[PDB]
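Undergrad: With the input below, show me the fold.
(3 chains)
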Amino acid sequence: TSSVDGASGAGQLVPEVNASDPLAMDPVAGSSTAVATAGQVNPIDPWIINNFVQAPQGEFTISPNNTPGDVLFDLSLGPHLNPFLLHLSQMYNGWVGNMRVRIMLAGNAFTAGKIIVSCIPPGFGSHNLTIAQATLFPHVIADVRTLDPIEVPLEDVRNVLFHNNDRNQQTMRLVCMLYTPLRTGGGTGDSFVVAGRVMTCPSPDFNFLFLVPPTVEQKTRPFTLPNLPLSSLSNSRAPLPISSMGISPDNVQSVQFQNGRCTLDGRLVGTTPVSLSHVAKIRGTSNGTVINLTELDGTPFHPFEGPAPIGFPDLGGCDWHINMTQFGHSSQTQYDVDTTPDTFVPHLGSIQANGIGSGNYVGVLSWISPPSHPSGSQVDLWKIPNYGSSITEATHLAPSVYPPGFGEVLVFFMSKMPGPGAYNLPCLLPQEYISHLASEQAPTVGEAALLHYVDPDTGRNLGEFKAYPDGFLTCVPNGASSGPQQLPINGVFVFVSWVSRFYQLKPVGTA
Amino acid sequence: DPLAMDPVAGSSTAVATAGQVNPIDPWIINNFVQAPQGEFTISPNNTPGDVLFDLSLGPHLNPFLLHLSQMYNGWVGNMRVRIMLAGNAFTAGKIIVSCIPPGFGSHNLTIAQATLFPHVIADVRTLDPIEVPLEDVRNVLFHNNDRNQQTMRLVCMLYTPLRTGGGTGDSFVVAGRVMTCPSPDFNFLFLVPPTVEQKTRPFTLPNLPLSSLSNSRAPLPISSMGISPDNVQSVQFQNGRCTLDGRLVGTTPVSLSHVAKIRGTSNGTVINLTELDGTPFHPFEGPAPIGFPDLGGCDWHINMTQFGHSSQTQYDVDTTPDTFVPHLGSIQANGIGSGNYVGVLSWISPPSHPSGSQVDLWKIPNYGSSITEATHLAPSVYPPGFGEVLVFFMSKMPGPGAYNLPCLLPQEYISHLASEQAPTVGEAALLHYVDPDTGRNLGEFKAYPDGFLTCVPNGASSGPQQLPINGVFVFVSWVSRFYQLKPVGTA
Amino acid sequence: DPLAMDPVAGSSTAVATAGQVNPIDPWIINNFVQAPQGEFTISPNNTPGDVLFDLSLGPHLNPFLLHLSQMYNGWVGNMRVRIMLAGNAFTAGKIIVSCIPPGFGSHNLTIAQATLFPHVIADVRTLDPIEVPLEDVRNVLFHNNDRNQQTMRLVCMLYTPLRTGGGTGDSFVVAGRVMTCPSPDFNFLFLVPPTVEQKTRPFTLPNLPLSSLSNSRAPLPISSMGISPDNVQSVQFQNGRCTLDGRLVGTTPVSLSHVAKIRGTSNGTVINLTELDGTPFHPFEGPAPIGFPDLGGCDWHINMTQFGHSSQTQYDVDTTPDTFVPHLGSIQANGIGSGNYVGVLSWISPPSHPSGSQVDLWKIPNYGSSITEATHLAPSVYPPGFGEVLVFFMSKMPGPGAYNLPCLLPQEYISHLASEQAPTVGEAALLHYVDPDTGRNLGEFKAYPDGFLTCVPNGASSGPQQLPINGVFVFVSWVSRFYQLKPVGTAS
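TA: Numbers count the residues shown, from 1 in each chain, chains lettered A, B, ... in the order given. Below, you will see the structure:
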């Protein structure tokens, strides 16, 4: 067999088979409407047809922190629901046919709660539904204690004869919300979560359509991460190696960094470059008192393309000062920069020169110090510098990030910084991750990415993290002083599944 | 929902081209016995993706078949695996068992990737045992007694985590047992004179207590077991080096009468070193003559005698200058007369030259820094795995202070491994530390094919030092990289 | 005429002992698509008996089958090969394609001995392709995804010398193409998780423009491409070397945060060097600590800073004298104080010791003359083809002069190759330099499995210096070592 439920040792404390009315819908045809006017009709391997296999959106959680109405999962019809079909869809141009979904939900006999799954046709639109409106569609209601998995079909309601791997299509969705709140009985410990699984298989009427060169179309590319250990990577706000992982203090809950910001589909945001040869570097013409900044190759910087030139340093709460060299000249100059005054305006393309002679210089940041002007303060590296407070231009800063989930905090990659104290510089992503994501622009299918921190030689799992489409990681700390600082740095992040925003993580560390 | 595999043929494909086909005792066939690693535990601290166990196909799974394999030179056929879990009606959780074909490779997997093999998903409240076939997916007509053979393997991982109700505690674990039997298409192939083919020699250890054995770097009794300090993570010794196959590395002899002994011709300024039997030593075989003392940051000074003269001369040795070149076979002669002397190590001291430093026996001495010859030193060892540490056998050395000499393997173990030349099967050998009277298990260790032991300490000060020294090491099984040792010590 | 071979059975042999048998799509079966080893050349520089191409049977001879083999771990079956040549009426010559069975061994064959196999003889003047079947002569029941095992080979040789008449211009190359399709009895074996086995990964390069990448010998942005001076025909760089399989050689790190950096403790006289994390450097694992700078013919002086201290010092290094022994982990400390420091290269000057020479950045620095320990330098490279020269990626270096620093590969290429460890199927990689917004091909280059690039320049004044730097390198084909490239640049 392939599936053994524990009904022989369950004890008749749970329901075993879901009793429900069938879906109020008609059956939809498959590939037979495509035989006439499509170019080819391509069959799939018969070993893929009848084996249910964990979907790339395969895991979900039900918690007592969920309120009724929260979306547990949300699938769209297509070849990206099956991993074998996702590999095969890179070779083809379009598809028809239905799918078969199985939902696995086998909680404890001391639990209570119910879910509802609805089918929504194309053409309805993007709306946020209640649990009352979810009953106005064809729907199933299930209990969280059921021993057998629930099977739902996903039908291909169509205005046309077939589909293409493009943006000109909208298909049928399966939305699963929480219908009644999850409650437990007995002497419960509140590490209790119902863990649910989703498996899929194609129907026998599914087919692929037209053979194409198998890497070219960008829609069918799957999301990957580079297979490199963390100690061999670098910071994305300064050219420094990664030494640790960590959390911000409790008063800091949001972050608005400008360097090192890339979405999961591969868009660079802010003043973010592609390589480390541009990180924390300035290039400019010194007039004697004012340095006019350009791009690092010499192109004129326009004030509408960003808050600063690409690669401009964004260390906020410090007195950072750089090392300037010169093409065609034999010297090395130190350049002291204070961020606070009225003469520091990088969005208008001009900064100070407090002892830099006239000429054309290129500088890189070397080390930092506590800021001398405001109060005799300390180094606060969670802050961002003051750019140009403009009136005629729209300053296009990157937005702030904050953790969305239950008890989640942001995870930072820390690097040791030279200067007169013990300074740690945080970043949201390594730079090699940014280069991999910008090169491989896979579309994000879902609200978050579940990742595992894994020791590569043994295979042991050290932690469990969530990645978000804006390009940042969150986790749940285990206690008051526990967290990801206790993990070794020779590990590799491994992509596991596409999850929702309200997915709950197991906490990392020892309390 | 059947498994996504086809039936594999058994011994019928060997009837044409093997010489004989040999049947097995019918009391062995449909009889389930426990696997050599048929024990695992699910706790509520385990996460999905944690490898629970791993098995590979072959006659090493059954002890009757492993005894019978040393009488033949080939085998074919399938096996049957049976898994048993001990749970309640008040638990929840799931496991998955996948079938992985030969030629795939060693790669870590997720549970999503685990569902892409032929597999069984099972609940922890299952009352009946779970039955899996183990089929001989192969490229040839039959197997021979080799270890280049790659067979079909089973991996079992955790699918959904363990949740219990009621009086929720952390000490509730689910225990799991693995049993195996051979299928009626299993067969042995050709009758061979037994215990002659070296490919079927089983790995064994001598059945003697640890207190009655000896150090392999000096002729001293073993006193304790211990671990190195945290500043010492890599070690490079030259005596007491032997693989599990039985090959000596470095300057290692087979007998204790050659250990920490020199023999040399003295003219008054240099002592020209030979072998102890009288044959001249040549620099191209090794870093020193076989049996030379390999104590490092130390002023080790020896006792010299000779054949035919009533004499005991004390000889002082200094390994710092360029006068000390044992790689070219000529060392200091700082006051010994002319002739031929044999010397044994007797007494060590703190070193004289750098600062009058402390005795540190974790180091290797300076041998001859040559350019023209080959510096064939035995390489370093370092602990493999996650959280494992090297284990040393420690003896007491005479001198002015409390000196503990560490050792990698005892000399009687080296002689047993050199006499019984058995091949190593896989990555490490699991060992138990047993009381010889009660048979009670005291610890759990790993032996690696380069000839050392690792363990996992329980506390910041716990480990194999808290164990008695009258125990015996006992071989259990061959394990893979997925196996985690239980921590040893009283913590 | 048919070939002198019997029909070979397919997966009928594999039914009993394989776990599954999987069919493939019938639209792939009789569809002749260009192979990934699908390009070759014939030139008057070739002699009769030269190997034009060499193929082994398996799923990697077809791009659809190469994509599909990432979901399986075995195969069995036959294939069909088709060969096209593009010649003139002026070109005289014959080629021969021979089928060689597994277990024969490596021998130097004559053309007469090449006709003693099952073979096809073709004329270069033909306008029609030629058809050859490649059978699965097996000793076993099926195969796994492992190219170490021997299958049947197709070997193409030049049978008669290529001769041209009339106005002989030596740049008339005959182009040749190879196309493949599986037979109807080809089958895959066992469904497996996709793209997990590293033995079936195809070789790619990152889709990034060249001006956005960085140098491999110093942390500097790439500004141009170039060729070496004519007196320099070989180079021996130590930073920025990676096998196309993804192996790092020399003192090459994975990321740019380690490039041209030192770390060590000074006693006032000697700086003892350690690794950049703090672990001790051992003299046997390399020539130097990983990331040590390797700029040969100059006086490079670096910027040093300190953890927990508020200063910045300039450290002047001369790589000439006896104190500069980085292989034993010691350098001089002629003007800096005691303590632990971390330094990075910032600025170079002409070398001071020999007579007042000039900067020569084609040199590598004198690592210490240690014969007791073995100095494990990376080997030298040279162009192996007909009139090829090495290609370098060049960056501007600050100092008293117009200094350009060359390297063999960009650093992001090294990171991509070290992550994606694709096996090298063949002897050289034919690449194209493509204008990304128009799609127009700009040049044609060769990449070798020890990690360097070659081109053929169009004259004494031409080369890849006339090409723009916002292009992308795209992998095109696996070619042999004697593929003749088209000259790049405009004519002199």
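Undergrad: list the contacts for residue A:153?
TA: A:23, A:98-101, A:203 (Cβ atoms under 8 Å, 6 or more residues apart in numbering or on different chains). In this view, the C-beta of every residue, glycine as well, is placed from N, C-alpha and C.
Undergrad: Only alpha carbons, please: show stretch A:458-465 as CSV.
TA: C-alpha atoms of stretch A:458-465 as CSV (Å, rounded to 0.1, in the frame of the first residue of the first chain):
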residue,chain,number,x,y,z
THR,A,458,24.9,15.4,8.0
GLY,A,459,21.6,16.6,6.6
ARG,A,460,20.4,17.7,10.0
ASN,A,461,17.8,20.5,10.2
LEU,A,462,18.8,23.4,12.4
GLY,A,463,16.0,25.9,11.9
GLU,A,464,12.9,26.9,10.0
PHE,A,465,12.3,30.3,8.4
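Undergrad: Off-centre distance for it?
TA: Taking Cα atoms, centre = their mean, to the nearest Å, one finds the center of stretch A:458-465 at 19 Å from the center of the full chain.
Undergrad: What of stretch A:63-80?
TA: Distance, centroid of stretch A:63-80 to centroid of chain: 17 Å (Cα atoms, centre = their mean).
Undergrad: what's the answer for stretch A:368-388, then?
TA: That offset, for stretch A:368-388, works out to 30 Å (Cα atoms, centre = their mean).
Undergrad: Pull up the residues of the stretch 351-500 of chain A that are close to chain B.
TA: A:452, A:454-461, A:464, A:494, A:496-497 (Cβ under 8 Å from any Cβ of the partner chain).
Undergrad: from those residues, which is closest to residue A:49?
TA: Using Cβ to Cβ, residue A:497 comes nearest to residue A:49 of those, at 23.5 Å.
Undergrad: Tell me which two in the residues of the stretch 351-500 of chain A next to chain B are the farthest apart.
TA: Across those, no pair lies farther apart than A:457 and A:497, at 23.8 Å, counting by Cβ to Cβ.
Undergrad: Closest residue of chain A to chain B?
TA: Using Cβ to the nearest Cβ, the single residue of chain A nearest to chain B is residue A:6, 3.1 Å away.
Undergrad: In a markdown table, list the contacts of residue A:153 along with neighbour count, distance to residue A:159 and secondary structure.
TA: Shown next, in a markdown table, are those (neighbours: other Cβ atoms under 10 Å in any protein chain shown; distance: Cβ to Cβ, whole Å; DSSP: H, G, I helix; E, B strand; the rest coil):
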| residue | neighbour count | distance to residue A:159 | secondary structure |
| --- | --- | --- | --- |
| A:23 | 17 | 21 | coil |
| A:98 | 19 | 16 | coil |
| A:99 | 24 | 19 | strand |
| A:100 | 20 | 23 | strand |
| A:101 | 22 | 23 | strand |
| A:203 | 17 | 20 | coil |
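Undergrad: Out of the residues of the stretch 351-500 of chain A next to chain B, which is nearest to chain C?
TA: residue A:494 (11.6 Å).
Undergrad: Okay, domains of chain A per the record?
TA: Domain ranges of chain A: A:21-221, A:222-278+A:370-511, A:279-369, per CATH domains of a matching chain.
Undergrad: which residues sit in contact with the residue of chain A closest to chain B?
TA: A:147, B:87, B:122-127.
Undergrad: Next: residue A:68.
TA: The neighbours of residue A:68, taking Cβ under 8 Å, 6+ apart as the test, are A:131, A:177-181.
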